[PDB]
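Listed next as structure tokens is one chain, alone, in the form deposited in one PDB entry.
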């Protein structure tokens, strides 16, 4: 709990003021903890942030798990998951601190390491969809892992580098993509 309290307050601090501006000092006092406790649990702000990202990652899976029920077939799960990724991030408060964190620790392979363990989790989503899709003759892919890293990053790029147009156009495009992509698998 004192650990959970820290992660909760930290999450809010990062949202209201960003990664860089937020100090462990603030986190320490606001969660009524201590530098020692914070160190014992996370060692560094970087690690603390990675753990928040971890928790967020879990919630996203939990969400997806109950959200994918609206998609009977994997084809649909592909469509839905990509659309969800696009819409939910449009209003994800932590997104900014993440940008800040990423573009701040992508030079050090230290933190860059644990981040892939994290990204892998986001790719599993696809992995499952593509594997499951195979065992249902929805398509036939022999290099799942591959196609999965692709869908993951292709989708993230569409979500990340299309910031300017109205939300409908985006969803329209993202869907066009899921269509094209799922078609090139046949």
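Basically, rigid core = biggest C-alpha set you can superpose within 1.5 Å across the two forms. Residue numbers count along the first chain shown, from 1.
115-123 versus 145-153 - greater average Cα B-factor per the deposited record: In the deposited entry, the stretch with the higher C-alpha B-factor mean is 115-123.
Higher-scoring stretch by recorded Cα B factor average, 40-48 or 133-141: So the stretch with the higher mean C-alpha B-factor is 133-141.
Within-chain third of residue 29 by Cα B-factor, per the entry: Its C-alpha B-factor, which the entry lists for residue 29, ranks in the lowest third among residues of this chain.
Modelled-residue ranking by C-alpha temperature factor, third containing residue 185: It falls in the top third of the chain.
Entry-reported Cα temperature factor of residue 172, expressed as the chain third it lands in: Lowest third of the chain for residue 172's C-alpha B-factor.
Assigned third (lowest, middle, highest) for the C-alpha B factor of residue 106: CA B-factor rank for residue 106: highest third.
Ranked against its chain, the third holding the CA B-factor of residue 61: Highest third, going by the recorded CA B-factors of the chain.
The following text describes the form deposited in another entry, which does not appear among the structures shown.
Rigid core superposition, residue 131 Cα moves 2 angstroms or more between the shown form and the other one: No: residue 131 shifts by under 2 Å between the shown form and the other one.
Residue 68: Cα shift of 2 Å or greater between the shown form and the other one (core-aligned): No.
Outcome for the Cα pair residue 89, residue 181 in that other deposited form, compared with this form (closer or farther; change of 3 Å or more): Those two alpha carbons end up farther apart in that other deposited form.
Cα-Cα trend for residue 161 and residue 93, given that in that other deposited form the distance shifts by 3 Å or more: Closer is correct, given that in that other deposited form the C-alpha spacing of residue 161 to residue 93 is reduced by at least 3 Å.
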